[PDB]
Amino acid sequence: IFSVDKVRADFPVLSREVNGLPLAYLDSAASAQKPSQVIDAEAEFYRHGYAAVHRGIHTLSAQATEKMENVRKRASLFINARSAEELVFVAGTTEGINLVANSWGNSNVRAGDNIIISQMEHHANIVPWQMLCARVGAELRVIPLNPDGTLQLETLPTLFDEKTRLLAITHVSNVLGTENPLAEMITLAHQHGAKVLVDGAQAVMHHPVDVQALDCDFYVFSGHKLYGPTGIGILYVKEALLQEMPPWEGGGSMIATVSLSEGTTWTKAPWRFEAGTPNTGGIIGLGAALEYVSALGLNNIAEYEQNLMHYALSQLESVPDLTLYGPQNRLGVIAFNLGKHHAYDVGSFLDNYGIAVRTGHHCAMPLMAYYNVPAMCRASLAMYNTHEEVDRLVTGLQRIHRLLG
């Protein structure tokens, strides 16, 4: 079992005070706080082992290179990839999707083809595909939403045809907390010879993830949502696909040879896609974040977050004129609006109480438009949040309503 008080003791920011009051950080879906184990693993590397990492001959550089490749191995096990060499280090989910969209997309999506996304996608999983369709003259198709925040799976037969090259789909919605039936959708997409890219940015911190069981072709996520440092993410690609993809960024450490008269040749893949000095510090911290989460147990995290969410949804029933968006089995986030008040104002009052929620469109304008609102509030309920923080949120919404209604 799980001791939230012991967990919270690892997170130095949680004792912070905001606006003179004790912080209730309910915005982990935008970015997560980090434990000391993560912060200090990075600092300790800079303090005692720092060096360039391009298998330098001297000791510090040789040892730094090995730490980085160990983190790649650890990450591959975390998501149950077959091979470490199926993981590419990227700046985050966003860079990973752009890398796929340019490297794989440009040599596999021709004029007259189509790509499928869903209407709940984060902008990171829309814009790169809009750009690709514009480059090659293909069509972007959209799986629409039901009112409860789930996909209209019955439209798939009209969207999938033999010219469908790619399904790009979110694992868990950053707004609705909907979890999509990836395994079945992937089976369907493969029947048509389409690849599937899964945006897993909101999944990998809530429960185990197994890319072999999913059979997805690409999977991406971000360190900083996984209680880890900024500037680092993971792109996973099936080995057979990755060995075929051409390079995207060019430069050092991704070449085999550079000639000004005979041209340049590329190195093997995963390193073919990592040009220049990596974010070695972030890679170290990411490794520590994976160890920390693994040590708690993703199934113990899932069980605690489930209880916290069930508690919050029941307590929120006592808020007048509250509107919720999404299914009842949501993971992680609660999206809502309060009566007719604009989300911007609700969030400002909540901030004035020391409660940090996110307001706005959440990098999901098509989702906002489907619900015919311009913005929502979103409270994140993460592994280090408490029943008392849920109570502060409920009281807050009540006072905001009494005062502004």
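Start at 1 and count along the sequence shown; that's the residue number.
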{"item": "Residue range whose averaged C-alpha B-factor is higher in the record, 262 to 270 or 226 to 234", "value": "262 to 270"}
{"item": "Higher-B stretch (mean Cα B-factor, as the entry records it), 89 to 97 or 241 to 249", "value": "241 to 249"}
{"item": "Highest recorded Cα temperature factor - choice among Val198, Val127, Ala111, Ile283", "value": "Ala111"}
{"item": "Chain-relative CA temperature factor third for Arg378", "value": "middle"}
{"item": "Relative C-alpha B-factor of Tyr344, binned into the chain's lowest, middle or highest third", "value": "highest"}
{"item": "Where the record places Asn70 (Cα B-factor, split into thirds across the chain)", "value": "lowest"}
{"item": "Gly360 - Cα temperature factor, lowest/middle/highest third of chain", "value": "lowest"}
{"item": "Within-chain third of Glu121 by Cα B-factor, per the entry", "value": "lowest"}
